[PDB]
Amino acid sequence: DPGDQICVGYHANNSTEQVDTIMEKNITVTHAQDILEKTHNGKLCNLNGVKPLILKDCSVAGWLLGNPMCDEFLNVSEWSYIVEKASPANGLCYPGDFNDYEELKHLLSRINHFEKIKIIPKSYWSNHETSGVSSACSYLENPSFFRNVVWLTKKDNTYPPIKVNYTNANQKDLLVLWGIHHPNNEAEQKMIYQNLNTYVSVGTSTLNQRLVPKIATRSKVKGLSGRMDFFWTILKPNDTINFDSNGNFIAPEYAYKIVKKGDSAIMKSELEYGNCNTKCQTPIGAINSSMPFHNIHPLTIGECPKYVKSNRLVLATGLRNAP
């Protein structure tokens, strides 16, 4: 005869959710936890309180030196991170090279606060012309020049030896930039500088640099065969930078004060500003996520989940779901 009963058994449900095993794939399960974040707002946002420097169509060179097509950036002070396009169009308007460029951008990725200051006012050049200008560094149709550096040229008909110094009395580090012009021939040289065998020499506690123009025939870039090579250093507090020249000097007017260092980055993105906030930013969009992983872009900044290249990371929690 039928008696009383007890059974032992387990949970089921209407659960389509699957997970994976080394030995078995697409195991229908009652409960699963996905641990991979696969969506971003597709936007370049603020990072916490602070707003990014979108250089747009300029490059770090252009901004710092003052390519005329980059005037927007003439007085930036505080950012969170820098967005620079892959191939920005406005770098060095006057064709040439930027010395230790990458080591500078890398240095900028540790800075988030600049204060542009004035160390050598144009007024100082009481015996030289400060209106050297070119069609390559041209603004509104009319030829111009880098906003932060001055093309010193001959006044009346002499270029008297230059011997000028600036003392870093502030208690922050100072980024200074100078340059030098490579003329095409000895005729073009004296037409601009009078003097014929020239040098630019910069000196600090650490720096001991001598530069000499190189006359040589080069191909035309932006119509020009001339060249301007630029250089930089860090002037520590209570230290003096010393420029001496007898021609071809591209003098600094402004020097950037390093007020706040801090973890930052230079991102490479075609995107524009997005007017939004986040705590985790990738070059292709920001992240709002509690997930422990993500897969959108490896190059993140801020408190973020860990990047993996997975399409799917889902953990089993419940039991095999028998239909």
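One-based numbering along the sequence shown.
J.: Out of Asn168, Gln209, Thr233, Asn90, which residue has the highest Cα temperature factor in the PDB record?
T.: Each of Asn168, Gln209, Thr233, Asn90 was compared by C-alpha B-factor; the highest is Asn168.
J.: Among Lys163, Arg147, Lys172, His182, single out the one with the highest C-alpha B factor in the record, please.
T.: Checking the PDB record, the top C-alpha B-factor among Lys163, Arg147, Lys172, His182 is at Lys172.
J.: Taking the chain's C-alpha temperature factors as the reference, tell me which third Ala286 falls into: lowest, middle or highest.
T.: Middle third by C-alpha B-factor.
J.: Is the Cα B-factor recorded for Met23 in the lowest, middle or highest third of its chain?
T.: Its C-alpha B-factor, which the entry lists for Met23, ranks in the highest third among residues of this chain.
J.: Looking at the entry's B-factor column for C-alpha atoms only, identify whether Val308 ranks in the lowest, middle or highest third of its chain.
T.: Bottom third by C-alpha B-factor.
J.: What third of the chain, by the recorded C-alpha B-factor, contains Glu129?
T.: Its C-alpha B-factor, which the entry lists for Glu129, ranks in the middle third among residues of this chain.
J.: Can you work out whether the C-alpha temperature factor of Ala61 puts it in the lowest, middle or highest third of the chain?
T.: Lowest third of the chain for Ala61's C-alpha B-factor.
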